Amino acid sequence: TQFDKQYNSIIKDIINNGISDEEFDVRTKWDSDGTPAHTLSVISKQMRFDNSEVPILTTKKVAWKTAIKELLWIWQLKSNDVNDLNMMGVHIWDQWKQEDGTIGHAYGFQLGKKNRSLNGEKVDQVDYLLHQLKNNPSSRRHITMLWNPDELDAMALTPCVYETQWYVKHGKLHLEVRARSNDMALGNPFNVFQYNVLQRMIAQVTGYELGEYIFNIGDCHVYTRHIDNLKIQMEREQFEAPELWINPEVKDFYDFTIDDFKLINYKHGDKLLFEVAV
């Protein structure tokens, strides 16, 4: 499982049977000129790895160090306050800072709400899951929801990767991920790697061997101007999947820290610039 070949296959598939939206306005516009930027979309795309290798490109450098720090901000710490991420030295989310520096009732908030019952105990979403995975590995009800229909209005923004369903089958743990939308150029490579690590963290606290990693995209897209540098990317030579060292000593999920994560031998291609749009 290279992730490059798969990543490539979809990009190349959009450039050939893609669908634009020139015949539509609204939203996006560049920062370079500040006016309309359209896409090329496709529906229902699936990426499934078997955890042979580790989901990461070699044709470009991925901010893996930061991915994990973001992942932890949401899942482990369960925070809606960016001031907490600032302490981790990450300023990517600074743009959505609200009056109180939060993103409202989103992400870390939705993963922290104590709305479920577990033996006469108000528990949050993640906590619940953890327990069910060990005490009831047969359930077809292992799912996490970030798209709370009752709180879409009180959110600074709607999440892309809003859900996941876990599947315990034969001492194995399988994870399926669905994002309503996903910028193939920027966010996807990030998000793929980002969640795999999560699968790995859970599988260590519950002791189930690594299963299948299924990642699905709803509105798979590419910003028009991005195409040219993407074409270059699909011409760059690939590399071997770097071994990814995680601290073996950890027994509890809430005892993890960034220093407990390492990527051994991350050889990659030079660099490529992609204009940001909003």
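What we label the rigid core is the largest C-alpha set whose atoms superpose within 1.5 Å from one form to the other. Counting begins at 1, following the sequence as shown.
Of the two segments 90-98 and 189-197, the one whose CA positions lie farther from the displayed form in 4 other deposited structures of this protein, once all are superposed on the rigid core, is 90-98.
With each structure aligned by its rigid core, the stretch whose Cα atoms sit farther from this model in 4 other deposited structures of this protein, between 25-33 and 55-63, is 25-33.
Between 172-180 and 147-155, the higher mean Cα B-factor belongs to 147-155. The stretch 21-29 shows the higher mean C-alpha B-factor when 256-264 is compared against 21-29 in the entry. Taking the deposited Cα B-factors for 68, 217, 214, 234, the highest one is held by 234. Remark: of 242, 55, 248, 34, 34 shows the highest value [criterion: C-alpha B-factor in the PDB entry]. Compared with the other modelled residues of the chain, the Cα B-factor recorded for residue 8 ranks in the lowest third.
When the modelled residues of the chain are ordered by their C-alpha B factor, residue 140 lands in the middle third. Remark: residue 224 belongs to the middle third of its chain, ranked by C-alpha B-factor as recorded. Annotation for residue 128: C-alpha temperature factor in the middle third relative to the rest of the modelled chain, per the entry. Ranked within its chain, residue 205 lands in the lowest third, by CA B factor from the PDB record.
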